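Visitor: One structure, as structure tokens, below. Some questions next.
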Amino acid sequence: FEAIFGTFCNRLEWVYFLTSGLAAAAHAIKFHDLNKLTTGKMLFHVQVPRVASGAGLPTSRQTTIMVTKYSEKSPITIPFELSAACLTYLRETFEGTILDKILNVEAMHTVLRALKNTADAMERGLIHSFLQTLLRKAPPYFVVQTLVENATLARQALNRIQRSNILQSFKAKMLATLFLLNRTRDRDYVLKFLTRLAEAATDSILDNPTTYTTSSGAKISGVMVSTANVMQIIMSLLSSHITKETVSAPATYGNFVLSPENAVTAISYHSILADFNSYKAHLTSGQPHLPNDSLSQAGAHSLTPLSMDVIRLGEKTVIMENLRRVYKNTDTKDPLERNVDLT
Amino acid sequence: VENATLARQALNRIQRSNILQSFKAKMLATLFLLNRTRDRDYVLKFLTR
Amino acid sequence: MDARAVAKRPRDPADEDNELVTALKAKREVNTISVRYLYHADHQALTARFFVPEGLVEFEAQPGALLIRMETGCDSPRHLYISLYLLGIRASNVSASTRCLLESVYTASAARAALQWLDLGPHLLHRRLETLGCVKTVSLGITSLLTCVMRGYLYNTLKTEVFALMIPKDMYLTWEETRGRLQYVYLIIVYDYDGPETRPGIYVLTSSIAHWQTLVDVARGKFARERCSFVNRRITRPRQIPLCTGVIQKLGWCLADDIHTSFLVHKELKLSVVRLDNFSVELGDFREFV
Amino acid sequence: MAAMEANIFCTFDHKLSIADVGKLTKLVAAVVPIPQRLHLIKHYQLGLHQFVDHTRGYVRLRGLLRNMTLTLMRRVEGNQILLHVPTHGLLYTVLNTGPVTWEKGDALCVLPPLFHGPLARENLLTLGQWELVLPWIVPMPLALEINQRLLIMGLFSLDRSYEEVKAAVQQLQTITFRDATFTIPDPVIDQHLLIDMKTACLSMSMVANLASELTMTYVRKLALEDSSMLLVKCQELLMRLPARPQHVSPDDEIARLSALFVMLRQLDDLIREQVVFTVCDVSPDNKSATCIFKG
Amino acid sequence: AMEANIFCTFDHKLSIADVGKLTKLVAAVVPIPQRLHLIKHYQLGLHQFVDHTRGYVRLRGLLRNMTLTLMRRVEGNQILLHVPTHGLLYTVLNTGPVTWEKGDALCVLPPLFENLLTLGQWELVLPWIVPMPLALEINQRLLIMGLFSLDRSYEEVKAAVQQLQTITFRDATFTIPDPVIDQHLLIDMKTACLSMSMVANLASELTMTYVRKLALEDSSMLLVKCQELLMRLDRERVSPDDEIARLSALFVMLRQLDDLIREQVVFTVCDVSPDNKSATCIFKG
Amino acid sequence: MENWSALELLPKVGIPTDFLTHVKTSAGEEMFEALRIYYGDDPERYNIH
Amino acid sequence: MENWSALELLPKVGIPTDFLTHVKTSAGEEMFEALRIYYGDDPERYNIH
Amino acid sequence: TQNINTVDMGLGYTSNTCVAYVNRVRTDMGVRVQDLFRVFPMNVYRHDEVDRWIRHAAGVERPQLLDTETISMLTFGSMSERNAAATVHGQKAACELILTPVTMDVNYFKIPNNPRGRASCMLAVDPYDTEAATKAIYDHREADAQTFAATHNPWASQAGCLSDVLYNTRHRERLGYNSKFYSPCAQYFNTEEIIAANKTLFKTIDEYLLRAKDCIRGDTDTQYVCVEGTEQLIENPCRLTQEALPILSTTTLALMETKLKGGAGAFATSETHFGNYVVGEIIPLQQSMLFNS
Amino acid sequence: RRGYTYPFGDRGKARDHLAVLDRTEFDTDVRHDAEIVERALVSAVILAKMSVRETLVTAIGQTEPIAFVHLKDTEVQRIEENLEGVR
């Protein structure tokens, strides 16, 4: 005889956007009516201090700039398929025999398993798309370092010599740092490179002050991601500064909804101003400044803890995570494995 | 181990050539490991890997 | 079988649960997906998906147009999906201004290759082309996605609005002064054999006539000059084998009151078109008349 | 604004008797033509009687009927008749109006009625010098033979004298089909038929010119050493007056024969009617059948 | 929720391996002779129609009269066939030797060639699904090879027949069968070829009189050019009852050729898998 | 053109922030999608319709 | 140019209006500015954005 | 479908990317120069016997393509040469060869430089001044940047010279051009693209992130350009700098033997004999890449 | 023209020999005519032999000789005597 031992079905592992460290880089708000609109704009009003000039020299003027920020759309899709057998047996019975019961169980489990797999794939696609939009906008290291060294040296639109110097710094630092981990491993150099890379970015506009806090110590600021190999190298090298920690994260998406005064303006003038009643109250009360923005109001309330790695770059704390899990056995190439070419 | 993340598809010719380059490099590097070096950190890293 | 079951009213998809809802009800499980109501569930129109190069998409960025499949004998992509508006650049039934405008607008690289393939072969346009009905979405890029209906009422996903079909003004032809409330619309190709080239004309014809014999009778009546040209080339030049002074294809039924005249804008250039809003597609094959 | 109606109600306005509504009930599931489609129409527009004129040219009636729309009759009740327009491809039931026998597996066409026997059956709602004259549903061979004989008679009318034409017309007026026989009413030659004559003769001369040497010589060559009743009949029809073929060129020959194929199609379309019905199994009494509506 | 279906019972026993062989044809096309509800397996396919004297065009005519059906799941002791209705869409298996592209038009042809499962006095055979231009080309080539059947002795005819026999299409280069056997013609091919040649012959000597009579009146004036063309053809080279018989012969011979003149546009195709054997399409009358 | 007067008149949320480069350089070098810059005081905000 | 979708969707006050002429003539002869004369039921009022 | 909408709540750049760790090289780094007859398949010599002799001696088969219509299809784009039998090394790195005078100052190679002989970085020129940029990139009667001579390669710099008409993708279209081949120096001669690219600094780097990148097929031995979507684009610092890198090359085996014989750090130092020289790689790639391999 | 119209078992070789055949107008020089007619005649003979599907000498360098095909012995004798008289 021929013996068949135990048959195994794959124990597929689930993953979520919120449970991943990348969620700390993100603010997540859920909005059931998103399909209808295609425009999202924010506005910034800033007045720049002017130092009182000395005698004889040209004097400054009271000056302001007004700037707006716009929305990027990037919907994601996943198909899944059902055969005729499942579709016809899911809604039919034949004589009520045992084999028909087996077929019904198989069809129901097949369709529900397909739905579960599609939901997991949709979550993976959402985190993938967020990484896509984050990485497509991040500039490289040498340009941001050249910018951070030149902060004071321009106070106007760039003149010719200044941008020539910018280009010189570009070329020098590009030759200096086209690769990092393969060239030098003296821990001081790599740690100082990491802290420079962190300090280069400007901080976020809207803090969620009671999110992604360390369990007791302090508040987290940055999130950085790499493939498993680079993460292993860094963890081996920087072991003195590496710590384990439990952090608090929002357990669910934040809910944002239309108040009726928003709906009437939607119908009338094709526009909504968020947190409308707060605007009307603080306007008629004659007060200039609001406690919170609508986005921060939309933020979720409950907190749940989860474990992740964190290191110190000097008064700044940044999150470690390697995204190998989200593409462990999938199709698409992990976006963090980039190709760079030279001439 | 190193080439696990680059292709979960039908293994293409160029990836195969890279596999062979890694073969040629690492076979020469680790033929007589313990004879070659007794550096404690390196041998622990090799065993962990 | 029982009398009550036979007499019972027909099954009601109108309020009965969708299959996914039935399964999730059965196991008592909930996914994050808004599983209850399926989009396109009530759709009667048959939909196809087509990929097209970026050059041809112009004038399709506005929804509604005829999408035509043209042949090329090369090993590399054998078919190219072309729009009726671009096809007018070849027809001799287009005014000089409109042809110049279309020639200026479609000067993308891919379009001119299709124009070369159209006239680089011995065969006439009749054997080379085939119709795919009406196109109704855009997703731009280096390669763009089109979705198209081959047996349809022409509508947006939620059916929130009907989508019209636009025909360029120079091609539009009518053979009756009064219109019955129902009339069909056809695609018409005729050939001029007197010129050195087999010079083709492109026409779109609306008529209240559904029966083939009388429609062909009227067509031969109006196209008498072209028929005489065919006979003249046949007698004049032996060992040549011309055929089918004109061909007909049936493509549409529409309610005559719906017809309107409208302008169409793209690349801030302005085109003149005729418009049919409450349109539907019915597709037949090409057929020959002499 | 407008909507294309599919359910059509016809209302009478003559003070009908009981026998009229009785005969209406007999007509259930028959086919009737309408010139225009509305939700409620008057009886005067229903039926073919509105078109008849003293000239009574059969070709005129055929051409007029070709343009019309076809509908089926359902749920006959007092002075209100419901007509349902057919939808292409669906399965419908129909009761044949004329006496022509049907068979399963063939196709049917629409034609104006014919003179048959004593001309007894005109009882169809004769009221107020108006009557419900229904069109005929007949199988494909009979319709093709009718069109063939009308066109052939029209062609023969030319190049012939009056009495020769009269004899030929009196012969061609008859038809035989499936153990039945019928007579064509008023097949007078008219300008409508002259258009068909012109287009048919043009197509026939084109097929004559496009024919290649091999196609023409095939029949004469085969008569040399083959023999059968079909062959002897075909040879007897033709006029009476080995070698290597004069020219061989499959490319030019295939182009020529394709052009001749198109021309033969064009000549054939003159007699082919619109194929309205494809039939399924029929009740053995021949009265009613199940059919699919096409075209 | 059930739908309209046709039940078929295999009168011969089917082994498990044979059922597994047949199940690979989930959505292939199968013709049936008559629209019964419970059909016997002998009626399926085109095997009962094949004959040793009757030819290909007879099969084409019978297939035109045939009713087309689509297959459904095979199960215990019974197989289910779904008859299509116009303007819905269905899945078909490309049994033909020609690959398809989006927007192709298809028509059904009688077959010309693994093999399909057989029984003691039975084999199962299915028709071809082919794009329309290739169907025209193959019918034209097979008919023209029917014409050359008479002259086959000379070597020119053999070379020309060989050249006509090969057909080329998109990544397809198969060969069609020679319509002659033992230097003889199958009788249906003889009838079709003779009918075409006769309808060609009759028009050459019949049109002149009727054309020259109509020339006096045509305001469209191209009929006179037609007369001149016929006279140029003449330069290149009766009792009324005989005349009327000749006209009747012309039209009956033309009707005989109508078996091959028009094409049923059965299917139009929607996008196809790389499994290209399988494709989706919309059914047309 | 956006309704800048709405931005000026309506209440705001106070956020301390600093650009990487100098603010005037970021506006002058075209980094933002749309800009409105005025020197002194533009009375346009006081006119409403 | 007028937001007709707003007029359709928004609530409205009932009045017994009395046009001097037959109302279809007033629409036909452009007594008012900015008309809209859709026949049947026009579903365009639903596409809220 | 789950349509997500993102707003960038960052005034300045809030996120940075860097190339941390480098793996093995997909290209052979070799001198295995590419076939011009494949990229220009149209042209033939006038007298057919001369064409036969040249094609026989050169090692390239006479091109034949179905009918005339294939030439339009090829111009639209088609991969049209066979993969090699075996590949122990990776892709055949295409070398383009641009004619160059004998007298060229050899020091031009020893630094990161533009191979066209005329420095043309668009972060230097004034923004949106096409006239000034054209003057900088073509006008050889005004001093160049980075080397204040008029040019270091007369046959490669001028608008009408060899290396512009041959390499520039907009000019190349005037001749037989298979678009599928990624010409290495295409990005150094697309004067139209370079003139279009000279936007303001912030928008320049934004475009560099968005659209300046290109793609290369991973399935094939040779540098085929791909349709965007199947494989992600390639980051290119050289495109941003409009410069090129120098690689260790020597014109005699003795100096290469010294480079191999010498200890660590010998790769980055240049040296010259009477008529032979070494140009050292400016980045220590040959050591670092093999260090981890 | 006859080469264009005729079918063949291997069309490519026939097309190549027709291409070397179909443009042979004389270059108005006494010397050149003999060599060009020699080449054209070689092409014509090889095309005829391929049309008959007679064997043809494919050996390298050993080009097909100039000869008649399928002509009777009496006629070829007469033609050869006429050519001897021409000499």
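Labels for the structure tokens follow display order: chains A, B, ..., residues from 1 in each chain, ligands from 1.
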Can you list, as a VMD selection string, every protein, DNA or RNA residue that comes within 7 Å of residue 272 (chain C) when you count only C-alpha atoms, leaving out same-chain residues fewer than 2 positions away?
Guide: chain C and resid 168 to 169 262 to 264 270
Visitor: Residues of region 112-256 of chain E classed as strand (DSSP E or B) by DSSP on the backbone are to be reported as a PyMOL selection string.
Guide: chain E and resi 118+123+128-131+166+169+172+175+180-181+184-185
Visitor: Please report as a list in words which residues of chain E come no farther than 6 Å from chain D, using only C-alpha atoms.
Guide: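 Result, ordered by chain then number: residues 86, 197, 200, 201, 203, 204 and 207 of chain E.
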Visitor: Those residues you just picked out, can you put them in a file as a compact mmCIF listing (two decimals), in the first residue's frame with N, CA and C atoms?
Guide:
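And here is the file that came out, again.txt:
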```
# COMPACT_ATOMS: atom_id res chain seq x y z
N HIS E 86 -29.33 34.99 -26.89
CA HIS E 86 -28.64 36.11 -27.54
C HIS E 86 -28.28 37.24 -26.57
N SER E 197 -19.87 27.39 -61.14
CA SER E 197 -19.41 27.52 -62.52
C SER E 197 -20.57 27.75 -63.48
N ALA E 200 -21.87 31.26 -63.12
CA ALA E 200 -20.95 32.11 -63.86
C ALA E 200 -21.19 32.01 -65.37
N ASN E 201 -21.43 30.80 -65.87
CA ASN E 201 -21.57 30.59 -67.30
C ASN E 201 -22.87 31.19 -67.83
N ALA E 203 -24.69 33.71 -66.79
CA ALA E 203 -24.74 35.16 -66.82
C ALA E 203 -24.03 35.74 -68.04
N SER E 204 -23.03 35.02 -68.58
CA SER E 204 -22.26 35.56 -69.69
C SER E 204 -23.10 35.73 -70.95
N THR E 207 -27.19 38.10 -69.94
CA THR E 207 -27.35 39.49 -69.52
C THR E 207 -27.46 40.45 -70.71
```
Visitor: Onto chain G, please fit chain F by least squares using all C-alpha atoms in order, then return the transformed chain as a PDB file with N, CA and C atoms, in the first residue's frame.
Guide:
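File written: superposed17.pdb
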```
ATOM      1  N   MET F   1     -22.518  79.343 -14.909  1.00  0.00           N
ATOM      2  CA  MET F   1     -23.628  78.421 -14.710  1.00  0.00           C
ATOM      3  C   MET F   1     -23.908  78.233 -13.222  1.00  0.00           C
ATOM      4  N   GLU F   2     -25.159  78.462 -12.828  1.00  0.00           N
ATOM      5  CA  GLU F   2     -25.542  78.357 -11.430  1.00  0.00           C
ATOM      6  C   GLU F   2     -25.645  76.895 -10.997  1.00  0.00           C
ATOM      7  N   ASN F   3     -25.620  76.693  -9.680  1.00  0.00           N
ATOM      8  CA  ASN F   3     -25.707  75.361  -9.080  1.00  0.00           C
ATOM      9  C   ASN F   3     -27.167  74.916  -8.950  1.00  0.00           C
ATOM     10  N   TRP F   4     -27.705  74.429 -10.071  1.00  0.00           N
ATOM     11  CA  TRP F   4     -29.101  74.000 -10.111  1.00  0.00           C
ATOM     12  C   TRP F   4     -29.347  72.812  -9.187  1.00  0.00           C
ATOM     13  N   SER F   5     -28.354  71.927  -9.053  1.00  0.00           N
ATOM     14  CA  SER F   5     -28.493  70.780  -8.163  1.00  0.00           C
ATOM     15  C   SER F   5     -28.761  71.213  -6.730  1.00  0.00           C
ATOM     16  N   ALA F   6     -28.171  72.332  -6.302  1.00  0.00           N
ATOM     17  CA  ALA F   6     -28.471  72.860  -4.976  1.00  0.00           C
ATOM     18  C   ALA F   6     -29.942  73.242  -4.865  1.00  0.00           C
ATOM     19  N   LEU F   7     -30.486  73.869  -5.910  1.00  0.00           N
ATOM     20  CA  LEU F   7     -31.904  74.213  -5.908  1.00  0.00           C
ATOM     21  C   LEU F   7     -32.773  72.966  -5.826  1.00  0.00           C
ATOM     22  N   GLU F   8     -32.391  71.908  -6.541  1.00  0.00           N
ATOM     23  CA  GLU F   8     -33.227  70.711  -6.568  1.00  0.00           C
ATOM     24  C   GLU F   8     -33.155  69.944  -5.250  1.00  0.00           C
ATOM     25  N   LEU F   9     -31.959  69.829  -4.664  1.00  0.00           N
ATOM     26  CA  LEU F   9     -31.792  69.003  -3.470  1.00  0.00           C
ATOM     27  C   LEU F   9     -32.362  69.672  -2.222  1.00  0.00           C
ATOM     28  N   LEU F  10     -32.122  70.971  -2.054  1.00  0.00           N
ATOM     29  CA  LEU F  10     -32.452  71.646  -0.809  1.00  0.00           C
ATOM     30  C   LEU F  10     -33.964  71.766  -0.625  1.00  0.00           C
ATOM     31  N   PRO F  11     -34.421  71.950   0.614  1.00  0.00           N
ATOM     32  CA  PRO F  11     -35.851  72.188   0.851  1.00  0.00           C
ATOM     33  C   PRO F  11     -36.307  73.498   0.228  1.00  0.00           C
ATOM     34  N   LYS F  12     -37.624  73.620   0.069  1.00  0.00           N
ATOM     35  CA  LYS F  12     -38.221  74.756  -0.616  1.00  0.00           C
ATOM     36  C   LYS F  12     -39.337  75.345   0.231  1.00  0.00           C
ATOM     37  N   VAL F  13     -39.799  76.524  -0.178  1.00  0.00           N
ATOM     38  CA  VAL F  13     -40.994  77.150   0.376  1.00  0.00           C
ATOM     39  C   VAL F  13     -42.110  77.028  -0.649  1.00  0.00           C
ATOM     40  N   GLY F  14     -43.276  76.570  -0.203  1.00  0.00           N
ATOM     41  CA  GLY F  14     -44.380  76.333  -1.112  1.00  0.00           C
ATOM     42  C   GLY F  14     -45.224  77.566  -1.352  1.00  0.00           C
ATOM     43  N   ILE F  15     -45.175  78.090  -2.571  1.00  0.00           N
ATOM     44  CA  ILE F  15     -45.896  79.296  -2.953  1.00  0.00           C
ATOM     45  C   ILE F  15     -46.757  78.980  -4.169  1.00  0.00           C
ATOM     46  N   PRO F  16     -48.083  79.064  -4.068  1.00  0.00           N
ATOM     47  CA  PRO F  16     -48.916  78.969  -5.275  1.00  0.00           C
ATOM     48  C   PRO F  16     -48.835  80.260  -6.077  1.00  0.00           C
ATOM     49  N   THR F  17     -48.552  80.125  -7.371  1.00  0.00           N
ATOM     50  CA  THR F  17     -48.370  81.283  -8.234  1.00  0.00           C
ATOM     51  C   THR F  17     -48.759  80.922  -9.659  1.00  0.00           C
ATOM     52  N   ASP F  18     -49.137  81.912 -10.459  1.00  0.00           N
ATOM     53  CA  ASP F  18     -49.475  81.744 -11.867  1.00  0.00           C
ATOM     54  C   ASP F  18     -48.876  82.871 -12.703  1.00  0.00           C
ATOM     55  N   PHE F  19     -48.222  82.512 -13.799  1.00  0.00           N
ATOM     56  CA  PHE F  19     -47.656  83.507 -14.696  1.00  0.00           C
ATOM     57  C   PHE F  19     -48.796  84.138 -15.519  1.00  0.00           C
ATOM     58  N   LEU F  20     -48.588  85.331 -16.084  1.00  0.00           N
ATOM     59  CA  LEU F  20     -49.639  86.015 -16.849  1.00  0.00           C
ATOM     60  C   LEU F  20     -49.981  85.193 -18.098  1.00  0.00           C
ATOM     61  N   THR F  21     -48.964  84.901 -18.909  1.00  0.00           N
ATOM     62  CA  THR F  21     -49.026  83.940 -20.015  1.00  0.00           C
ATOM     63  C   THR F  21     -48.824  82.505 -19.513  1.00  0.00           C
ATOM     64  N   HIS F  22     -48.930  81.516 -20.391  1.00  0.00           N
ATOM     65  CA  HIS F  22     -48.635  80.115 -20.093  1.00  0.00           C
ATOM     66  C   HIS F  22     -47.163  79.919 -19.695  1.00  0.00           C
ATOM     67  N   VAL F  23     -46.875  79.073 -18.700  1.00  0.00           N
ATOM     68  CA  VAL F  23     -45.516  78.909 -18.144  1.00  0.00           C
ATOM     69  C   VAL F  23     -44.494  78.566 -19.225  1.00  0.00           C
ATOM     70  N   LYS F  24     -44.794  77.594 -20.089  1.00  0.00           N
ATOM     71  CA  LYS F  24     -43.887  77.155 -21.164  1.00  0.00           C
ATOM     72  C   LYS F  24     -43.571  78.279 -22.145  1.00  0.00           C
ATOM     73  N   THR F  25     -44.535  79.155 -22.425  1.00  0.00           N
ATOM     74  CA  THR F  25     -44.318  80.345 -23.256  1.00  0.00           C
ATOM     75  C   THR F  25     -43.370  81.334 -22.595  1.00  0.00           C
ATOM     76  N   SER F  26     -43.488  81.579 -21.290  1.00  0.00           N
ATOM     77  CA  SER F  26     -42.579  82.512 -20.611  1.00  0.00           C
ATOM     78  C   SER F  26     -41.117  82.052 -20.620  1.00  0.00           C
ATOM     79  N   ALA F  27     -40.867  80.747 -20.487  1.00  0.00           N
ATOM     80  CA  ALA F  27     -39.522  80.196 -20.595  1.00  0.00           C
ATOM     81  C   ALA F  27     -39.003  80.224 -22.042  1.00  0.00           C
ATOM     82  N   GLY F  28     -39.815  79.759 -22.994  1.00  0.00           N
ATOM     83  CA  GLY F  28     -39.455  79.714 -24.411  1.00  0.00           C
ATOM     84  C   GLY F  28     -39.214  81.090 -25.025  1.00  0.00           C
ATOM     85  N   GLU F  29     -39.944  82.107 -24.577  1.00  0.00           N
ATOM     86  CA  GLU F  29     -39.823  83.479 -25.065  1.00  0.00           C
ATOM     87  C   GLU F  29     -38.755  84.303 -24.323  1.00  0.00           C
ATOM     88  N   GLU F  30     -37.884  83.668 -23.531  1.00  0.00           N
ATOM     89  CA  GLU F  30     -36.666  84.290 -22.981  1.00  0.00           C
ATOM     90  C   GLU F  30     -36.926  85.408 -21.949  1.00  0.00           C
ATOM     91  N   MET F  31     -38.047  85.377 -21.218  1.00  0.00           N
ATOM     92  CA  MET F  31     -38.368  86.460 -20.276  1.00  0.00           C
ATOM     93  C   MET F  31     -37.514  86.440 -18.995  1.00  0.00           C
ATOM     94  N   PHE F  32     -37.075  85.261 -18.553  1.00  0.00           N
ATOM     95  CA  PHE F  32     -36.213  85.066 -17.377  1.00  0.00           C
ATOM     96  C   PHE F  32     -34.727  85.291 -17.671  1.00  0.00           C
ATOM     97  N   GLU F  33     -33.926  85.616 -16.652  1.00  0.00           N
ATOM     98  CA  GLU F  33     -32.511  85.907 -16.860  1.00  0.00           C
ATOM     99  C   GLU F  33     -31.732  84.655 -17.247  1.00  0.00           C
ATOM    100  N   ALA F  34     -31.998  83.537 -16.576  1.00  0.00           N
ATOM    101  CA  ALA F  34     -31.317  82.284 -16.864  1.00  0.00           C
ATOM    102  C   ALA F  34     -32.272  81.133 -16.592  1.00  0.00           C
ATOM    103  N   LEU F  35     -32.193  80.092 -17.412  1.00  0.00           N
ATOM    104  CA  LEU F  35     -33.120  78.972 -17.372  1.00  0.00           C
ATOM    105  C   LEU F  35     -32.378  77.650 -17.457  1.00  0.00           C
ATOM    106  N   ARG F  36     -32.948  76.625 -16.838  1.00  0.00           N
ATOM    107  CA  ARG F  36     -32.529  75.242 -17.006  1.00  0.00           C
ATOM    108  C   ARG F  36     -33.787  74.400 -17.134  1.00  0.00           C
ATOM    109  N   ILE F  37     -33.974  73.752 -18.273  1.00  0.00           N
ATOM    110  CA  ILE F  37     -35.178  72.984 -18.607  1.00  0.00           C
ATOM    111  C   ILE F  37     -34.767  71.574 -18.993  1.00  0.00           C
ATOM    112  N   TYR F  38     -35.441  70.573 -18.440  1.00  0.00           N
ATOM    113  CA  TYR F  38     -35.200  69.185 -18.799  1.00  0.00           C
ATOM    114  C   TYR F  38     -36.534  68.461 -18.897  1.00  0.00           C
ATOM    115  N   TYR F  39     -36.595  67.468 -19.770  1.00  0.00           N
ATOM    116  CA  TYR F  39     -37.764  66.629 -19.966  1.00  0.00           C
ATOM    117  C   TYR F  39     -37.474  65.243 -19.410  1.00  0.00           C
ATOM    118  N   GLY F  40     -38.452  64.645 -18.744  1.00  0.00           N
ATOM    119  CA  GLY F  40     -38.276  63.344 -18.131  1.00  0.00           C
ATOM    120  C   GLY F  40     -37.679  63.430 -16.742  1.00  0.00           C
ATOM    121  N   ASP F  41     -36.435  62.977 -16.591  1.00  0.00           N
ATOM    122  CA  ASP F  41     -35.747  63.025 -15.304  1.00  0.00           C
ATOM    123  C   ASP F  41     -34.245  63.049 -15.547  1.00  0.00           C
ATOM    124  N   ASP F  42     -33.587  64.148 -15.165  1.00  0.00           N
ATOM    125  CA  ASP F  42     -32.133  64.237 -15.247  1.00  0.00           C
ATOM    126  C   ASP F  42     -31.475  63.727 -13.966  1.00  0.00           C
ATOM    127  N   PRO F  43     -30.665  62.666 -14.030  1.00  0.00           N
ATOM    128  CA  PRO F  43     -30.056  62.125 -12.799  1.00  0.00           C
ATOM    129  C   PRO F  43     -28.975  63.007 -12.188  1.00  0.00           C
ATOM    130  N   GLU F  44     -28.686  64.177 -12.769  1.00  0.00           N
ATOM    131  CA  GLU F  44     -27.581  65.007 -12.291  1.00  0.00           C
ATOM    132  C   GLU F  44     -27.725  65.373 -10.817  1.00  0.00           C
ATOM    133  N   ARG F  45     -28.961  65.518 -10.331  1.00  0.00           N
ATOM    134  CA  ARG F  45     -29.172  65.914  -8.942  1.00  0.00           C
ATOM    135  C   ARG F  45     -28.597  64.889  -7.970  1.00  0.00           C
ATOM    136  N   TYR F  46     -28.561  63.618  -8.368  1.00  0.00           N
ATOM    137  CA  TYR F  46     -28.101  62.564  -7.475  1.00  0.00           C
ATOM    138  C   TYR F  46     -26.584  62.497  -7.359  1.00  0.00           C
ATOM    139  N   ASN F  47     -25.849  63.218  -8.199  1.00  0.00           N
ATOM    140  CA  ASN F  47     -24.393  63.251  -8.137  1.00  0.00           C
ATOM    141  C   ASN F  47     -23.961  64.540  -7.448  1.00  0.00           C
ATOM    142  N   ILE F  48     -23.225  64.405  -6.346  1.00  0.00           N
ATOM    143  CA  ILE F  48     -22.798  65.539  -5.537  1.00  0.00           C
ATOM    144  C   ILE F  48     -21.311  65.412  -5.237  1.00  0.00           C
ATOM    145  N   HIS F  49     -20.650  66.560  -5.093  1.00  0.00           N
ATOM    146  CA  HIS F  49     -19.204  66.626  -4.939  1.00  0.00           C
ATOM    147  C   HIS F  49     -18.843  67.610  -3.832  1.00  0.00           C
TER     148      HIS F  49
END
```
Visitor: Report as a short mmCIF file (atom, residue, chain, number, x, y, z; two decimals) with N, CA and C atoms, in the first residue's frame the set of chain B residues whose atoms approach chain H to within 9 Å, with distances computed over only C-alpha atoms.
Guide:
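out_17.cif, written as the output of this step:
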```cif
data_model
loop_
_atom_site.label_atom_id
_atom_site.label_comp_id
_atom_site.auth_asym_id
_atom_site.auth_seq_id
_atom_site.Cartn_x
_atom_site.Cartn_y
_atom_site.Cartn_z
N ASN B 12 15.58 34.10 -12.71
CA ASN B 12 16.01 34.58 -14.01
C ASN B 12 17.53 34.42 -14.18
N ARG B 13 17.98 34.57 -15.43
CA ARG B 13 19.37 34.30 -15.78
C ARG B 13 20.34 35.22 -15.03
N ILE B 14 20.02 36.51 -14.95
CA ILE B 14 20.94 37.47 -14.33
C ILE B 14 21.06 37.20 -12.84
N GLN B 15 19.93 36.94 -12.17
CA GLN B 15 19.98 36.54 -10.77
C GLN B 15 20.79 35.27 -10.59
N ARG B 16 20.67 34.33 -11.53
CA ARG B 16 21.45 33.10 -11.46
C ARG B 16 22.95 33.40 -11.55
N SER B 17 23.33 34.32 -12.43
CA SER B 17 24.74 34.71 -12.52
C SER B 17 25.22 35.36 -11.23
N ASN B 18 24.37 36.18 -10.60
CA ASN B 18 24.73 36.76 -9.32
C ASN B 18 24.90 35.69 -8.25
N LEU B 20 25.95 32.70 -8.83
CA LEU B 20 27.23 32.06 -9.10
C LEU B 20 28.41 32.94 -8.68
N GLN B 21 28.28 34.26 -8.84
CA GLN B 21 29.31 35.16 -8.33
C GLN B 21 29.46 35.04 -6.82
N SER B 22 28.34 34.98 -6.11
CA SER B 22 28.40 34.77 -4.66
C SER B 22 29.01 33.42 -4.33
N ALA B 25 32.79 33.80 -4.78
CA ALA B 25 33.36 34.64 -3.73
C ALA B 25 33.42 33.91 -2.40
N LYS B 26 32.30 33.30 -1.98
CA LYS B 26 32.20 32.77 -0.63
C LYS B 26 32.87 31.41 -0.48
#
```
